[PDB]
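Visitor: After the structure tokens below, expect a handful of questions from me.
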């Protein structure tokens with residue numbers, strides 16, 4: 134079995150470049166399904182802006198983790214309360230954000 | 025470049041970014057389930073333990089450049105910032121998010 138928590142390498146647009154093989158036990162979605170898709174597409178319509186806003190906040194933080202709590206859509210197309218903690222990977226050489234992760238921790 | 029390192033339980037590798045194969049040489053899936061302490065440096069192992077214990081009681085801490093043991097007995101001088109995420113249900117340490125920063129080469 135796998136824990137109800139996973140990460141994914143996504144850009145500032147929420148586009149999943151590579152998802153960790155744990156989402157199957159979290160929401161049931163396959164990593165390849167998120168690949169090339171925006172996190173906002175599987176996010177609660179009324180909380181899509183909340184996600185977007187938080188994503189822009191982490192870009193302003195540059196090297197800090199921001200945890201946003203909303204209702205993510207599972208493989209059952211249901212809305213579950215999940216807290217996504219995103220961290221902006223800042224290049225140690227020069228100021229540059231390579232990618233942003235997303236620690237999806239199920240709440241209740 | 026940077027590298028995402030996931031550590032849980034005994035601070036082992038729960039998940040490793042694919043970029044680890046470009047620095048340490050160890051395949052991301054190969055570290056999955058193996059003890060990190062096994063290759064936790066040689067003389068810089070204390071540094072990891074000390075920072076780990078401190079991190080677990082601080083939440084987020086930055087570990088200085090240490091000699092990261094590669095898959096060929098090499099020591100990559102990389103800096104790493106760790107952030108322990110907590111579970112919002114049972115309120116307990118979930119997984120440690122370690123952001124590795126590539127600065128120097130391999131010793």
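Chains as they are written, first to last, in our numbering: chain A, 134 to 241; chain B, 25 to 131. Idealized CB from N, CA, C, for every residue including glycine.
Any beta-carbon of chain A closer than 8 Å to the one on residue 111 of chain B?
Guide: As a first step, residue 111 of chain B must be located in the second chain, where it is residue number 87. Judged by the 8 Å Cβ criterion, residue 111 of chain B is in contact with chain A.
Visitor: Kindly say whether residue 50 of chain B, judged by its beta-carbon, lies nearer than 8 Å to any beta-carbon of chain A.
Guide: Indexing the second chain from 1 puts residue 50 of chain B at position 26. Not one chain A Cβ lies under 8 Å of residue 50 of chain B.
Visitor: Using the rule of at least 16 other Cβ atoms within 10 Å of the residue's Cβ for burial, across every protein chain shown, is residue 226 of chain A buried or exposed?
Guide: As a first step, residue 226 of chain A must be located in the first chain, where it is residue number 93. That one is exposed.
Visitor: Quick check: the Cα distance between residue 200 of chain A and residue 151 of chain A, rounded to an integer number of angstroms?
Guide: For the purposes of this step, residue 200 of chain A is taken as the residue at position 67 of the first chain. For the purposes of this step, residue 151 of chain A is taken as the residue at position 18 of the first chain. The alpha-carbon atoms of residue 200 of chain A and residue 151 of chain A are separated by roughly 20 Å.
Visitor: Could you spell out the range, first to last residue, of the beta strand (DSSP E) harbouring residue 223 of chain A?
Guide: Taking the first residue of the first chain as 1, we reach residue 223 of chain A at position 90. It spans 212-223 - the beta strand (DSSP E) in which residue 223 of chain A sits, taken as one unbroken run.
Visitor: Less than 8 Å separating the beta-carbons of residue 176 of chain A and residue 164 of chain A?
Guide: Indexing the first chain from 1 puts residue 176 of chain A at position 43. Indexing the first chain from 1 puts residue 164 of chain A at position 31. No, these two residues do not count as a Cβ contact at 8 Å.
Visitor: Span of the alpha helix (DSSP H) holding residue 193 of chain A?
Guide: Sequence index remark: in the first chain, residue 193 of chain A carries index 60 (1-based). Looking at the DSSP string, the run of the alpha helix (DSSP H) that includes residue 193 of chain A is 181-194.
Visitor: Which chain B residues sit within Cβ distance under 9 Å of residue 218 of chain A?
Guide: In the first chain, the residue the question calls residue 218 of chain A occupies position 85. 107, 109 and 121, listed in chain order.
Visitor: Flag residue 140 of chain A as yes if its beta-carbon sits less than 8 Å from any beta-carbon of chain B, otherwise no.
Guide: Taking the first chain and counting its residues from 1, the one referred to as residue 140 of chain A is at position 7. Yes, its Cβ sits closer than 8 Å to a Cβ of chain B.
Visitor: How would you call residue 105 of chain B, buried or exposed, if buried means at least 16 neighbouring beta carbons within 10 angstroms?
Guide: Here residue 105 of chain B refers to the residue found at position 81 of the second chain. It counts as buried.
Visitor: At what residue ranges does the region 43-69 of chain B contain a whole run of the alpha helix (DSSP H), taking only runs of 4 or more?
Guide: The qualifying runs are 52-55.
Visitor: Using a beta-carbon distance below 8 Å, is residue 116 of chain B in contact with chain A?
Guide: Translated into positions along the second chain, residue 116 of chain B becomes position 92. No, no contact with chain A.
Visitor: Check the Cβ-Cβ distances between residue 236 of chain A and every residue of chain D, and say whether any is below 8 Å.
Guide: In summary, chain D is missing from the structure at hand, where the protein chains are A and B.
Visitor: Taking the alpha carbon of residue 93 of chain B as the point to measure from, which residue in B:84, B:115, B:50 and B:122 has its own alpha carbon closest?
Guide: As a position in the second chain, residue 93 of chain B is number 69, starting the count at 1. Checking every option, the nearest Cα to that of residue 93 of chain B belongs to B:50.
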